[PDB]
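The next block holds one structure in the form of structure tokens; read it before the comments.
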Amino acid sequence: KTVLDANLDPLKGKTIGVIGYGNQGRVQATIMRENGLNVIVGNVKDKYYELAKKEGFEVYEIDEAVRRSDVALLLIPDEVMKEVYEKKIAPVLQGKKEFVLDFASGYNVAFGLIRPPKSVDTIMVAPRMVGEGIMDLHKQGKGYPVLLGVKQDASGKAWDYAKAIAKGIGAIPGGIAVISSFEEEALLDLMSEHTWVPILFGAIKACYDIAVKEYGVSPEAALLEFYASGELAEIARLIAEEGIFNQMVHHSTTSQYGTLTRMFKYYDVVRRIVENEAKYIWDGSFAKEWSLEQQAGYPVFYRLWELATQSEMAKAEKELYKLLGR
Amino acid sequence: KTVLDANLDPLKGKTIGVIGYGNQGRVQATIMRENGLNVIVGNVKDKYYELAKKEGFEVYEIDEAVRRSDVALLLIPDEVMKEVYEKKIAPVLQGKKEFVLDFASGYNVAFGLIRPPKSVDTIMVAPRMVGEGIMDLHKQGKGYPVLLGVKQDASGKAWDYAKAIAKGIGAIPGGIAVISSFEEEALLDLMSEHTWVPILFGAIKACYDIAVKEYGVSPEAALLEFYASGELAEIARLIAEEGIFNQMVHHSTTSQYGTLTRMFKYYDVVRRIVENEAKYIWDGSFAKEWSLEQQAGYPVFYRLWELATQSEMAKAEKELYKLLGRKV
Amino acid sequence: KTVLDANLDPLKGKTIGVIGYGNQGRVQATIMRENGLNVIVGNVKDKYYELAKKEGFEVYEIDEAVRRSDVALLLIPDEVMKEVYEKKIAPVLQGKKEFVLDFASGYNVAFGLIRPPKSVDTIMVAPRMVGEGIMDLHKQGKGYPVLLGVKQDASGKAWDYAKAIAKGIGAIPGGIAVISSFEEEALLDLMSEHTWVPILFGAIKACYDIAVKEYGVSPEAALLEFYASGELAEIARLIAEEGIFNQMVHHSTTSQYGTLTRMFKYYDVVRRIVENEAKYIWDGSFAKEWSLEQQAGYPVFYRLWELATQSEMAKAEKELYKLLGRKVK
Amino acid sequence: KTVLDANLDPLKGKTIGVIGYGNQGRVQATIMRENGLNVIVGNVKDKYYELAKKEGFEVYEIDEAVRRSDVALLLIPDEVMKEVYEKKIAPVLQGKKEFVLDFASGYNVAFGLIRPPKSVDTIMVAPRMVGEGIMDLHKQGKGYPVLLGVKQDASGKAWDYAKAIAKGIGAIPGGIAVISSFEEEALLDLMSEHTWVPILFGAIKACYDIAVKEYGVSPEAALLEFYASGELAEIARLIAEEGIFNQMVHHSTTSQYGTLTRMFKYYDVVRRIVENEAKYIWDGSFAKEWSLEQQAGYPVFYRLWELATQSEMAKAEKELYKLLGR
Ligand SMILES: [Mg+2]
Ligand SMILES: [Mg+2]
Ligand SMILES: [Mg+2]
Ligand SMILES: [Mg+2]
Ligand SMILES: [Mg+2]
Ligand SMILES: [Mg+2]
Ligand SMILES: [Mg+2]
């Protein structure tokens, strides 16, 4: 099912704590205030505390913000969220008889890394839009798409709170709110980061490496074909506006034929990759792998960053981007 | 060897601290007191502290219980034992000149996760019986089987302490005490949890999934065949009383023939699984895997629990157990 | 569907012949009489004839019992049923214009080894409960589960007769009667005997053989871990009472994690075995294999019995069971 | 262990029924009588009844012979023994409180095809010698080898009866009596018939087929190499007299080197065959296969006889043996 509008009433006369004043936090706080909700901000004292104060919000330490709140949006990065939840939020939530904890990312709840108490409505309103894009579309009077989820319905009104927040943050009406789940949103997010993105970058690197090492192509010619021209961004725009296949009518018949035949040829290969990565997300295996990479001090993350940025392709890219003035 | 009785004398006039008043702790404490030994209990103030107080035991914080004790039985879950040992026990043991630390589980000592100091007798008395079963058999005047082990003989009497505790907790006489080790007991415990148990549950799930998806069998018929009837529990009783093969005489010849032929047919397949899991326990690989699952916050444990309890079979089981009026 | 109760009326004023006074026969006869049905017994003159006479039943030769009956329950072992049906029952059934022949086992009808005539309602009421368990639950006023099936609806009332017998034998109400079939019941029974049971015993034997031969474990330690303690029976009870996964909450987290990870790890391997054994049942292949083992004089059955009972594990089990004071062969 | 002599006393003052007056029966009966034992014969009224009568034995129907006997040797072919045991022996044995039933072949008892009652000593005295060979060696005052077994010790003296019969039939002293079993004797007999014998004949046929079809060798040359000369019988004699390897000293060094290297080269291949055939005997699988071949009316036996006797090698053998006058 889909949701095109909602009643804002379950959030009326409630103190709403936006924890974290980053990309998502600033935008979700600002727009909820513009729709006349009582919004405070929780944040450590960074630049982000200052900016929230400067944009007229009551700003507190995270534990205080949660103490004062009936509803909190935990909009901090996933990789620090567990520490902050356990030290500054969970102790306060032992006190509350009723509470609504919202997330924009399913990861930590989906894999059981954060388990709010039985009394807490655990809900998700997860945009598919960067944050600069959300401000832009709100200024134009338009909405954006979100995924909704409820892990734990303590109150019996968790879905109403989720729909309410979706209206509050300016997603609906004008955009859509899709009925989803914490597990589903985490799966979808990670499937992209672990399949089509890395397959795309690998394929582009292999194009460069084969063109240059085996066919005697200049680094600059190879870079200009494989990504360094505008090409990739104007195809990506037509995919979003017209459709992934519909968009192909603007290319030569030679191009259409080559892409269609090779897409069907290699579907089974990329399908096996997608199946294996999806299974490994859904099991919890990826959450264990990444948690243990963090606890080990990021040595694989560190070395793969070095090897990617010191690749023949990355070095040639640096020289070409210098030569073109970027 | 095996041991059928022992001298209780090495425990006489000694304070015996049972750390943890769970399944094993309650029973080992109760029976040691009934055999006239000076038993205190170490435990945080949970429900378990309340029950121990109500059953007439002096109860202390774990560090106090150890300070007051000449002998302690560390009968808490293996998954919290390292933290509790390091924070509440090891500091106290730096003080002691003589001490006996007993375990009912070899795991933490076998994989070096708990290394008591050189002055401490590190011993094991590990039952093969649930705890409800131990109380039942003590009330009937009968013993039960235990595995004995000694990692570290500081005193030169560690084996006497082990045999003594075996008598103390009512294992012997009447039952047996088998000469074993921390490594052997940990290996045996984990071999079951990693081979025949998961193979059994998997085989039962595959029977359900194939019957229902491929042969059009009703969920209810499939559940009633594969486990939801009494069948499994009365075969398990006859295996323990008469023997695993001897027990088969009570089934049809058709059933005997089918089971015998298919057991020999698939032995090599399940043997490969057993070999691989045993090797991976014995190396320490499983201890690293499980320790790292805990430190990562149990995400695989969490998700596999969800996937097992949300399986077609588990959902159908819930509906059928409701319909038959069993707890859900 | 499922059935929780039924009208007993289609069996009222009818003579019901229980053929065979073994585990299932004695119980189904006794309980049908206690519910006020006209029950006679057919049996050869064994100890079982004597016991039926002593428990107050009219007892006859099998052919006589069938001649006198409107309804018969053929509750004899599957491996002798074909001979007895062909010699003592089929000739009598050529005579009858109406008849209800009930089985507690689908095997012989499912694989076409017994094909009653077109005029006979061929029906199945198949318990999932041993027989000592059925008497126990009837004494407590409770029912038990059965599978119902109809191969041949001659009368147009075969399903009513099946539900009726289910009530008659004290399955319902209190228990359930599941709508099933001869083929389905035979498949389900044999799938267990050919997959999870032999896989379990093999896995337990391999645990013993590896622990003892490769890790230097004492026979007695290995036997106490793998089955010779109470362990298996109290897990089997909690599986039936709480559920197969729900039951795991009573074990250590270490135990839960080990079992869950390894169950998912090895599912595909045991699934292949289940697929292969199910296909071989459903084809009739197993019925041919077993029929030919019987006709050959049971030489594989005989030798596999010897090899199982003379295994290192079976010999050690005998010594340990002696030492603990349990029944020893 | 081994047994070189035994006390004949457990058979003294007992009626000994030899059932079957074939190769083994005639010889075991004759020699037991010559050692002063009370020997009667059971047999159907064939030529063999006549011969037993003519050689001075009391001869009866099989059931009568068993009724009159304290000890019987069931020395009839294995492939008829089950029928004869069930119809003419088992009914009589229901009556006996004590009895000793001896076999010269383990097959039927080993695979449970004949199961004498709990009260019967079920024993085996199994020669390794044809029967013409046993008469020959008794006339020379020498013994021969037997395997002893006991399936069922009802009396507690079954082993003494087995050793006694071994002395009775003139095996010991002079020869040996090896402690064995029904299963072991059946296994040993069938291992030969299912491994080295058929491997030998197959290898000889393959030598013929390859020489003739691929190397243009005349059928007569190929037959003269591979078996039709004396070669095979004089090697077989020296193997039995001197030893399987010791015997090789009489051949060229070229021959020794070729045989030693190729024996070690192919050991693993023939070992796999031996393992597979032994396992299939020991399980009871072969007993089921053969019983079902008989019940199906011998169609594989019949067709394989045709294909062996109608092979290019068998036809050429017939022409050559005609030409040499055999
Ligand atoms: Mg994404
Ligand atoms: Mg265990
Ligand atoms: Mg059965
Ligand atoms: Mg069953
Ligand atoms: Mg355990
Ligand atoms: Mg031979
Ligand atoms: Mg030569």
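The chains in the structure tokens are called A, B, ... from first to last as shown; in each chain the residues are counted from 1, and the ligands are counted from 1 in the order shown.
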*Skipping near chain neighbours, those fewer than 4 positions away, what residues fall within 12 Å of residue 12 (chain B) using only C-alpha atoms, listed as a list in words?*
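Close residues of residue 12 (chain B): residues 7, 8, 16, 32, 33, 35, 36, 37, 38, 39, 70, 71, 161, 164, 165 and 168 of chain B.
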Would you put the residues from that selection into a file with N, CA, C and O atoms, as a tab-separated table (two decimals), in the first residue's frame?
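Output saved as result-v2.tsv:
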```
chain	number	residue	atom	x	y	z
B	7	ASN	N	35.43	-40.56	48.66
B	7	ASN	CA	35.55	-40.00	50.03
B	7	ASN	C	35.12	-38.52	49.97
B	7	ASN	O	35.72	-37.76	49.19
B	8	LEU	N	34.11	-38.15	50.76
B	8	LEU	CA	33.58	-36.76	50.91
B	8	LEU	C	34.49	-35.89	51.81
B	8	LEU	O	34.21	-34.69	51.93
B	16	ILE	N	31.89	-23.74	51.15
B	16	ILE	CA	31.65	-24.03	49.71
B	16	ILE	C	30.71	-22.96	49.16
B	16	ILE	O	29.51	-22.95	49.57
B	32	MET	N	24.32	-30.57	48.22
B	32	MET	CA	25.57	-30.49	49.02
B	32	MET	C	25.20	-30.19	50.48
B	32	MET	O	25.84	-30.74	51.40
B	33	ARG	N	24.17	-29.36	50.70
B	33	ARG	CA	23.69	-29.00	52.07
B	33	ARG	C	23.04	-30.23	52.71
B	33	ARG	O	23.40	-30.54	53.86
B	35	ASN	N	23.80	-33.20	52.25
B	35	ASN	CA	24.92	-34.13	52.58
B	35	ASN	C	25.81	-33.48	53.64
B	35	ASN	O	26.96	-33.98	53.85
B	36	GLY	N	25.33	-32.39	54.24
B	36	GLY	CA	25.87	-31.82	55.49
B	36	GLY	C	27.13	-31.01	55.27
B	36	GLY	O	27.98	-31.03	56.15
B	37	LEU	N	27.23	-30.29	54.15
B	37	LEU	CA	28.42	-29.45	53.85
B	37	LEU	C	28.03	-27.98	54.10
B	37	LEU	O	26.84	-27.64	53.99
B	38	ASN	N	29.01	-27.15	54.42
B	38	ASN	CA	28.79	-25.72	54.73
B	38	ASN	C	28.73	-24.95	53.40
B	38	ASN	O	29.79	-24.58	52.88
B	39	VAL	N	27.52	-24.73	52.88
B	39	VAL	CA	27.24	-24.14	51.54
B	39	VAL	C	26.69	-22.73	51.72
B	39	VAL	O	25.54	-22.60	52.25
B	70	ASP	N	36.47	-21.61	50.70
B	70	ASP	CA	37.72	-22.39	50.42
B	70	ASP	C	37.57	-23.07	49.05
B	70	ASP	O	38.62	-23.42	48.41
B	71	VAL	N	36.32	-23.27	48.63
B	71	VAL	CA	35.88	-23.98	47.39
B	71	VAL	C	34.71	-23.20	46.80
B	71	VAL	O	33.75	-22.89	47.56
B	161	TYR	N	39.25	-33.56	45.27
B	161	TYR	CA	38.22	-32.49	45.37
B	161	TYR	C	37.13	-32.75	44.33
B	161	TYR	O	35.92	-32.62	44.67
B	164	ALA	N	35.13	-35.72	45.32
B	164	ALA	CA	34.39	-35.26	46.53
B	164	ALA	C	33.15	-34.49	46.09
B	164	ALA	O	32.04	-34.85	46.54
B	165	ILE	N	33.32	-33.49	45.23
B	165	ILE	CA	32.17	-32.67	44.75
B	165	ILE	C	31.16	-33.60	44.06
B	165	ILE	O	29.95	-33.42	44.29
B	168	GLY	N	29.35	-35.04	46.77
B	168	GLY	CA	28.62	-33.90	47.36
B	168	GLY	C	27.33	-33.60	46.63
B	168	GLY	O	26.29	-33.41	47.30
```
*Residues up to 8 Å from ligand 4, counting only C-alpha atoms and all ligand atoms: could you list those as a ChimeraX atom specification?*
/B:225-226,231 /C:128,188-190,192-193
Written selection (C-alpha atoms) as a PDB file, in the first residue's frame:
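So the final result, stored in part_30.pdb, reads:
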```
ATOM      1  CA  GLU B 225       4.007 -36.369  11.207  1.00  0.00           C
ATOM      2  CA  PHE B 226       7.331 -34.536  11.659  1.00  0.00           C
ATOM      3  CA  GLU B 231       6.347 -39.567  18.737  1.00  0.00           C
TER       4      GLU B 231
ATOM      5  CA  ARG C 128      -0.320 -39.957  15.180  1.00  0.00           C
ATOM      6  CA  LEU C 188       4.456 -38.796   5.576  1.00  0.00           C
ATOM      7  CA  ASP C 189       5.102 -42.033   7.558  1.00  0.00           C
ATOM      8  CA  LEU C 190       7.917 -43.213   5.220  1.00  0.00           C
ATOM      9  CA  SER C 192      10.263 -39.801   8.673  1.00  0.00           C
ATOM     10  CA  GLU C 193      11.562 -43.442   8.616  1.00  0.00           C
TER      11      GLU C 193
END
```
*Output the neighbourhood of ligand 2 as number ranges by chain, that is, all protein and nucleic acid residues with some atom at most 12 Å from the ligand, counting only C-alpha atoms and all ligand atoms.*
B: 104-106, 126-130, 146-147, 184-197; C: 207, 221-232, 235, 251-252, 254-255
Could you please take those selected residues and save N, CA and C atoms as a CSV table (one decimal), in the first residue's frame?
```csv
chain,number,residue,atom,x,y,z
B,104,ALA,N,31.0,-26.5,36.0
B,104,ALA,CA,30.1,-27.6,35.4
B,104,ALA,C,30.2,-27.6,33.8
B,105,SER,N,31.0,-26.6,33.3
B,105,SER,CA,31.2,-26.4,31.8
B,105,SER,C,32.7,-26.1,31.6
B,106,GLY,N,33.3,-26.9,30.7
B,106,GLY,CA,34.7,-26.8,30.3
B,106,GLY,C,35.1,-25.6,29.4
B,126,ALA,N,30.9,-32.0,35.7
B,126,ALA,CA,29.9,-31.6,34.6
B,126,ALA,C,28.9,-32.7,34.4
B,127,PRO,N,27.6,-32.4,34.9
B,127,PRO,CA,26.5,-33.4,34.7
B,127,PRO,C,26.1,-33.6,33.3
B,128,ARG,N,25.5,-34.8,33.0
B,128,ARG,CA,24.8,-35.1,31.8
B,128,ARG,C,23.4,-35.5,32.1
B,129,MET,N,22.6,-34.5,32.4
B,129,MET,CA,21.3,-34.5,33.1
B,129,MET,C,20.9,-33.0,33.4
B,130,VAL,N,19.6,-32.6,33.1
B,130,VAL,CA,19.2,-31.2,32.9
B,130,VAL,C,19.2,-30.4,34.2
B,146,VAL,N,28.3,-37.8,35.7
B,146,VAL,CA,29.1,-36.6,35.6
B,146,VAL,C,30.4,-36.9,34.9
B,147,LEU,N,31.0,-35.9,34.2
B,147,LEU,CA,32.3,-35.9,33.7
B,147,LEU,C,33.2,-35.1,34.6
B,184,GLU,N,37.7,-32.0,26.5
B,184,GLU,CA,36.8,-33.1,26.1
B,184,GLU,C,35.3,-32.8,26.3
B,185,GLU,N,35.0,-32.2,27.5
B,185,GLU,CA,33.6,-31.9,27.8
B,185,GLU,C,33.1,-30.7,26.9
B,186,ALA,N,34.0,-29.7,26.7
B,186,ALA,CA,33.6,-28.6,25.8
B,186,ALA,C,33.4,-29.2,24.4
B,187,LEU,N,34.3,-30.0,23.9
B,187,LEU,CA,34.2,-30.6,22.6
B,187,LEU,C,32.8,-31.4,22.5
B,188,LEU,N,32.5,-32.2,23.5
B,188,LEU,CA,31.4,-33.1,23.5
B,188,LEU,C,30.1,-32.2,23.4
B,189,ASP,N,30.0,-31.3,24.3
B,189,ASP,CA,28.8,-30.4,24.4
B,189,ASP,C,28.6,-29.7,23.1
B,190,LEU,N,29.6,-29.1,22.5
B,190,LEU,CA,29.5,-28.3,21.3
B,190,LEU,C,29.3,-29.2,20.1
B,191,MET,N,29.8,-30.4,20.0
B,191,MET,CA,29.6,-31.4,18.9
B,191,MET,C,28.1,-31.6,18.8
B,192,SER,N,27.4,-31.8,19.9
B,192,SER,CA,25.9,-32.0,19.8
B,192,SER,C,25.2,-30.8,19.3
B,193,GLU,N,25.5,-29.6,19.8
B,193,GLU,CA,24.8,-28.3,19.5
B,193,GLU,C,25.1,-28.0,18.0
B,194,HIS,N,26.2,-28.5,17.4
B,194,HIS,CA,26.7,-28.0,16.1
B,194,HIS,C,26.5,-29.1,15.0
B,195,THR,N,26.1,-30.4,15.4
B,195,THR,CA,25.9,-31.5,14.4
B,195,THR,C,24.5,-32.1,14.5
B,196,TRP,N,24.4,-33.1,15.3
B,196,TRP,CA,23.1,-33.9,15.3
B,196,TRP,C,21.9,-33.1,15.6
B,197,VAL,N,22.0,-32.1,16.5
B,197,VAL,CA,20.8,-31.2,16.8
B,197,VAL,C,20.4,-30.4,15.6
C,207,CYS,N,29.1,-38.8,15.5
C,207,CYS,CA,29.6,-38.1,16.8
C,207,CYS,C,30.4,-39.1,17.6
C,221,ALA,N,32.1,-41.3,28.1
C,221,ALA,CA,31.8,-39.9,28.0
C,221,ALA,C,31.0,-39.6,26.7
C,222,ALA,N,31.5,-40.2,25.6
C,222,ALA,CA,30.8,-40.1,24.3
C,222,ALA,C,29.4,-40.5,24.3
C,223,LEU,N,29.1,-41.7,24.9
C,223,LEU,CA,27.7,-42.2,25.0
C,223,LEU,C,26.9,-41.2,25.8
C,224,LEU,N,27.4,-40.8,27.0
C,224,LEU,CA,26.7,-39.8,27.8
C,224,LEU,C,26.4,-38.5,27.1
C,225,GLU,N,27.2,-38.0,26.3
C,225,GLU,CA,26.9,-36.8,25.5
C,225,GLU,C,25.8,-37.1,24.5
C,226,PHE,N,26.0,-38.1,23.6
C,226,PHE,CA,25.3,-38.2,22.3
C,226,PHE,C,23.9,-38.8,22.5
C,227,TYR,N,23.6,-39.6,23.4
C,227,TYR,CA,22.2,-40.1,23.6
C,227,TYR,C,21.9,-40.7,25.0
C,228,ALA,N,22.9,-41.3,25.7
C,228,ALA,CA,22.7,-42.2,26.8
C,228,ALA,C,22.3,-41.5,28.1
C,229,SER,N,22.3,-40.2,28.1
C,229,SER,CA,21.7,-39.4,29.2
C,229,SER,C,20.2,-39.1,28.9
C,230,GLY,N,19.4,-38.5,29.8
C,230,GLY,CA,18.0,-38.1,29.5
C,230,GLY,C,17.8,-37.2,28.3
C,231,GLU,N,18.8,-36.3,28.0
C,231,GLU,CA,18.8,-35.1,27.1
C,231,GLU,C,17.6,-35.3,26.0
C,232,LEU,N,17.7,-36.3,25.2
C,232,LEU,CA,16.9,-36.4,23.9
C,232,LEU,C,15.4,-36.3,24.2
C,235,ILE,N,13.9,-32.7,25.5
C,235,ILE,CA,13.9,-31.7,24.3
C,235,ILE,C,12.7,-32.1,23.5
C,251,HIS,N,17.7,-23.2,26.7
C,251,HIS,CA,19.2,-23.6,26.5
C,251,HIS,C,20.0,-22.3,26.6
C,252,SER,N,21.3,-22.4,26.9
C,252,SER,CA,22.3,-21.3,26.8
C,252,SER,C,22.2,-20.6,25.5
C,254,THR,N,24.8,-19.7,23.9
C,254,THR,CA,25.9,-20.4,23.1
C,254,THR,C,25.2,-21.5,22.3
C,255,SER,N,24.4,-22.3,23.0
C,255,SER,CA,23.7,-23.5,22.4
C,255,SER,C,22.7,-23.0,21.3
```
_Who sits within 12 Å of residue 225 (chain D), only C-alpha atoms, same chain under 6 positions skipped, as an MDAnalysis selection string_ = chainID D and resid 204:205 207:208 211:212 217:219 231:232
I need the chosen residues saved as a PDB file, in the first residue's frame, with N, CA, C and O atoms.
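Below you can see selection_35.pdb, which holds the result:
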```pdb
ATOM      1  N   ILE D 204      41.844 -61.325 -19.672  1.00  0.00           N
ATOM      2  CA  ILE D 204      42.228 -62.289 -20.739  1.00  0.00           C
ATOM      3  C   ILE D 204      41.391 -61.985 -21.977  1.00  0.00           C
ATOM      4  O   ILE D 204      41.967 -61.902 -23.064  1.00  0.00           O
ATOM      5  N   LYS D 205      40.093 -61.756 -21.811  1.00  0.00           N
ATOM      6  CA  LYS D 205      39.228 -61.440 -22.971  1.00  0.00           C
ATOM      7  C   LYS D 205      39.705 -60.113 -23.594  1.00  0.00           C
ATOM      8  O   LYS D 205      39.791 -60.019 -24.817  1.00  0.00           O
ATOM      9  N   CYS D 207      42.729 -58.757 -23.530  1.00  0.00           N
ATOM     10  CA  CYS D 207      43.980 -59.098 -24.258  1.00  0.00           C
ATOM     11  C   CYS D 207      43.632 -59.647 -25.651  1.00  0.00           C
ATOM     12  O   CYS D 207      44.136 -59.113 -26.661  1.00  0.00           O
ATOM     13  N   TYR D 208      42.749 -60.638 -25.721  1.00  0.00           N
ATOM     14  CA  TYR D 208      42.324 -61.252 -27.006  1.00  0.00           C
ATOM     15  C   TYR D 208      41.730 -60.147 -27.885  1.00  0.00           C
ATOM     16  O   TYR D 208      42.203 -59.968 -29.011  1.00  0.00           O
ATOM     17  N   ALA D 211      44.361 -57.503 -29.051  1.00  0.00           N
ATOM     18  CA  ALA D 211      45.352 -58.112 -29.968  1.00  0.00           C
ATOM     19  C   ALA D 211      44.725 -58.268 -31.353  1.00  0.00           C
ATOM     20  O   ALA D 211      45.322 -57.795 -32.357  1.00  0.00           O
ATOM     21  N   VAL D 212      43.523 -58.844 -31.414  1.00  0.00           N
ATOM     22  CA  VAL D 212      42.861 -59.196 -32.702  1.00  0.00           C
ATOM     23  C   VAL D 212      42.334 -57.941 -33.390  1.00  0.00           C
ATOM     24  O   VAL D 212      42.662 -57.751 -34.549  1.00  0.00           O
ATOM     25  N   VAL D 217      46.385 -59.255 -34.911  1.00  0.00           N
ATOM     26  CA  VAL D 217      46.842 -60.610 -34.522  1.00  0.00           C
ATOM     27  C   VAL D 217      45.779 -61.624 -34.932  1.00  0.00           C
ATOM     28  O   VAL D 217      44.572 -61.330 -34.839  1.00  0.00           O
ATOM     29  N   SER D 218      46.219 -62.777 -35.422  1.00  0.00           N
ATOM     30  CA  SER D 218      45.343 -63.910 -35.793  1.00  0.00           C
ATOM     31  C   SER D 218      44.648 -64.371 -34.515  1.00  0.00           C
ATOM     32  O   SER D 218      45.246 -64.382 -33.439  1.00  0.00           O
ATOM     33  N   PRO D 219      43.368 -64.765 -34.584  1.00  0.00           N
ATOM     34  CA  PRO D 219      42.720 -65.403 -33.441  1.00  0.00           C
ATOM     35  C   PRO D 219      43.578 -66.515 -32.840  1.00  0.00           C
ATOM     36  O   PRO D 219      43.639 -66.611 -31.611  1.00  0.00           O
ATOM     37  N   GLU D 231      50.384 -72.645 -20.278  1.00  0.00           N
ATOM     38  CA  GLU D 231      50.967 -71.560 -19.421  1.00  0.00           C
ATOM     39  C   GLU D 231      50.254 -71.472 -18.053  1.00  0.00           C
ATOM     40  O   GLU D 231      50.925 -71.703 -17.032  1.00  0.00           O
ATOM     41  N   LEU D 232      48.946 -71.174 -18.037  1.00  0.00           N
ATOM     42  CA  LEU D 232      48.158 -70.737 -16.845  1.00  0.00           C
ATOM     43  C   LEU D 232      48.213 -71.777 -15.709  1.00  0.00           C
ATOM     44  O   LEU D 232      48.297 -71.356 -14.514  1.00  0.00           O
TER      45      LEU D 232
END
```
*Could you please extract the residues within 12 Å of ligand 3, counting only C-alpha atoms and all ligand atoms, and hand them back as a ChimeraX atom specification?*
/B:225,231,248,250-259 /C:76-79,104-108,126-130,185-194
_Contacts with ligand 7 at most 12 Å, only C-alpha atoms and all ligand atoms counted, listed as a ChimeraX atom specification_ = /D:225,248,250-259
Please dump the current selection as a PDB file, in the first residue's frame; keep N, CA and C atoms.
```
ATOM      1  N   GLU D 225      48.642 -67.292 -26.934  1.00  0.00           N
ATOM      2  CA  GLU D 225      49.275 -66.470 -25.861  1.00  0.00           C
ATOM      3  C   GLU D 225      48.420 -66.507 -24.581  1.00  0.00           C
ATOM      4  N   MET D 248      57.974 -66.653  -9.248  1.00  0.00           N
ATOM      5  CA  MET D 248      58.379 -65.720 -10.345  1.00  0.00           C
ATOM      6  C   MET D 248      59.878 -65.864 -10.681  1.00  0.00           C
ATOM      7  N   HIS D 250      61.490 -68.378 -11.635  1.00  0.00           N
ATOM      8  CA  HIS D 250      61.586 -69.355 -12.761  1.00  0.00           C
ATOM      9  C   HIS D 250      61.372 -68.671 -14.124  1.00  0.00           C
ATOM     10  N   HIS D 251      60.911 -67.413 -14.154  1.00  0.00           N
ATOM     11  CA  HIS D 251      60.661 -66.637 -15.404  1.00  0.00           C
ATOM     12  C   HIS D 251      61.876 -65.742 -15.685  1.00  0.00           C
ATOM     13  N   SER D 252      61.983 -65.211 -16.909  1.00  0.00           N
ATOM     14  CA  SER D 252      63.008 -64.214 -17.317  1.00  0.00           C
ATOM     15  C   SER D 252      62.982 -63.018 -16.352  1.00  0.00           C
ATOM     16  N   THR D 253      64.111 -62.328 -16.188  1.00  0.00           N
ATOM     17  CA  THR D 253      64.153 -61.047 -15.447  1.00  0.00           C
ATOM     18  C   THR D 253      63.201 -60.038 -16.129  1.00  0.00           C
ATOM     19  N   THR D 254      63.121 -60.007 -17.464  1.00  0.00           N
ATOM     20  CA  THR D 254      62.205 -59.097 -18.210  1.00  0.00           C
ATOM     21  C   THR D 254      60.768 -59.295 -17.700  1.00  0.00           C
ATOM     22  N   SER D 255      60.348 -60.558 -17.611  1.00  0.00           N
ATOM     23  CA  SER D 255      59.005 -60.986 -17.152  1.00  0.00           C
ATOM     24  C   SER D 255      58.782 -60.560 -15.691  1.00  0.00           C
ATOM     25  N   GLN D 256      59.768 -60.790 -14.829  1.00  0.00           N
ATOM     26  CA  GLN D 256      59.672 -60.452 -13.388  1.00  0.00           C
ATOM     27  C   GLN D 256      59.463 -58.938 -13.264  1.00  0.00           C
ATOM     28  N   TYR D 257      60.267 -58.160 -13.984  1.00  0.00           N
ATOM     29  CA  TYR D 257      60.275 -56.688 -13.873  1.00  0.00           C
ATOM     30  C   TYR D 257      58.917 -56.151 -14.339  1.00  0.00           C
ATOM     31  N   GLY D 258      58.457 -56.655 -15.477  1.00  0.00           N
ATOM     32  CA  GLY D 258      57.170 -56.240 -16.058  1.00  0.00           C
ATOM     33  C   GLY D 258      56.029 -56.543 -15.109  1.00  0.00           C
ATOM     34  N   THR D 259      56.015 -57.733 -14.541  1.00  0.00           N
ATOM     35  CA  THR D 259      54.928 -58.159 -13.646  1.00  0.00           C
ATOM     36  C   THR D 259      55.003 -57.367 -12.339  1.00  0.00           C
TER      37      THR D 259
END
```
*At a cut-off of 8 Å, list the chain D residues touching chain C, using only C-alpha atoms, as a PyMOL selection string.*
chain D and resi 111-113+282-285+287-288+291-292
*Distance-based interface of chain B with chain A, 12 Å, counting only C-alpha atoms, as a VMD selection string*: chain B and resid 289 to 308
_Site check for ligand 1: residues at most 7 Å away, only C-alpha atoms and all ligand atoms, as a VMD selection string_ = chain A and resid 188 to 190 192 to 193
